[PDB]
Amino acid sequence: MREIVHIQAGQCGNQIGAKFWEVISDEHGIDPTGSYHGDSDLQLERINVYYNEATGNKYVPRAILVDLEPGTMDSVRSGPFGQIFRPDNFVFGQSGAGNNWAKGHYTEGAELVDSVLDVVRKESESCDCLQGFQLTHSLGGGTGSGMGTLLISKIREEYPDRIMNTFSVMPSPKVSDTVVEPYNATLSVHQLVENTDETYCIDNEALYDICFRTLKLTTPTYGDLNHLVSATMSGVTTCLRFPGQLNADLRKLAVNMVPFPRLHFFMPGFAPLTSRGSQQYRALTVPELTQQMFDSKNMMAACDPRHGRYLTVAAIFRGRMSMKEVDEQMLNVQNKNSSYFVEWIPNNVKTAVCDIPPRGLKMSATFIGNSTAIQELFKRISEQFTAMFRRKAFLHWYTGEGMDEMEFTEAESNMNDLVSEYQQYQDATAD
C-alpha cells in the first residue's frame, strides 16, 4: 500500500483539489516547479503516496483533473501550482453539466469518461502498490456529482480490489441558490452508498456557519470555505503522508472505522478553527485541542455529535506535544462523555500523533468520526428533496436527458433507508 491516485472533478472538486495540492506541497517542501526545497527527510520518506518521481529530481502530483466545463482547467493552470500538474492529466470537455446530474452521469459525462480512464489507467499501472483512489467533488452540481459518481463506478469495475475514497461537498442553501441541488445530492449519495469505502462528508452548511458565526465573516466566499476544507484534507491525510509507527493506509482506516459497509460517511472535525491567511497569536493547549475537537462548532458536517453516538473515532494531533498528555485527555474525554460512544464496539477511539504541525499553527488536531448523528445531514437533504419532488419541480431537466421518475424514487428510498440504519445503531443496546 503506497500510491494513491487523486481525481478532482467539476468546479468545486478542482478548486478544493488545487488547494489540497498547494497545502501538502508546502508541507512536503515541493514548490510550483515540482522541485524539493525542504529541510527534513521526513518530508520525502512517504512522498510517493501522492507524487510520482519525474526525471530531473522533480515531483509530479499523481493527480487527474476533470471537468465538462473547459473554464476550470484554465483557472487551475493560472492558480499557484498550476504548473506542477502533469499537462497530459487535464481532461476537459467543452460544455458543462448545467448543474444537471443526468448530464454528468448519463450523457455529457459519459462521452468524456473514457478520456479520463486513459489517464487513470496510466497512473494506476505505474504504481508499485496501488492503495486506491481519492476523489474531490461536490454533490450539488452536475459534473463533480454526476460524472464524478459515474467515474467511481467505472474505476471500481477495473480496480474492484482497491480502496475508493471521496471528499464529497454537501450543498447548502446558505451557500448556493441552485434549487435542484437536493436532487443531485440525493442521486449522488445513492451512488456513494453502493460504490465507495470511505467518504468524508464536507458540508457547505457547516462551512458557512463556521465562517459566519465563529470567524465572523459577514459574507464568506468560496475561498473562506475552502480554507476550512484544505485544513481538514491536510489533517485527515497526515498519517498517509508522514512516517509514523502506525504506518497508516486507506485500507486499515476503512477496516477499523466502518463497522457496516453502507455506514461509511465520516464527520470530520478540526481544531483550531482559523481564518485564511491570518496570523495566530496564541497556540492551543492539548486539553483545548481535545475538547474543542469533539465540539459541534468544529465539525465540518452540520451535525451535533451530541445528538448521536460515535461508532468509531480516529484522531490525529500535529505538533510537538506530550503524547502522555494526549493519551490522558483523549481517555478522559471518553470516560466523561461515555454516553456518546456505542458500548458494543470496545475501545472504539484511536489516536495518533505527528510531530510536524501544519503551516501557520504550532499545534492542531483533526478528528474523523463515524457518528450516527450524520443522519441529520441526510435528513436535511431528504427534506429538501421531498419538498421539490412532491411537486415534481424541475423533473424535466432530468427526464429530458433520458431519466425516469423511478430513479428519483429509488434514490430517495435508499437515502431514507440510510437514515434508518444510523437510527437503528444509535438506539441499539449492548444488552
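Just count from 1 along the sequence shown to find any residue number.
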Look up the CA B-factors in the entry and say which stretch, 237 to 245 or 257 to 265, has the higher mean. 237 to 245
Going by the average Cα B-factor in the PDB entry, point out whether 403 to 411 or 12 to 20 comes out higher. 403 to 411
Of the options 293, 316, 225, 193, which has the highest CA B factor as deposited? 293
By the CA temperature factor listed in this entry, which of these ranks top: 209, 327, 197, 203? 327
Ranked C-alpha temperature factor of residue 343 among modelled chain residues, by third: middle
Check where residue 336 lands among this chain's C-alpha B-factors and tell me if it's the lowest, middle or highest third. highest
Would you mind ranking residue 281 by its C-alpha B-factor against the rest of the chain and naming the third, lowest, middle or highest? highest
Comparing against every modelled residue in the chain, figure out the third that the C-alpha B-factor of residue 297 lands in (lowest, middle or highest). lowest
Lowest, middle or highest third - CA B-factor, residue 133: middle
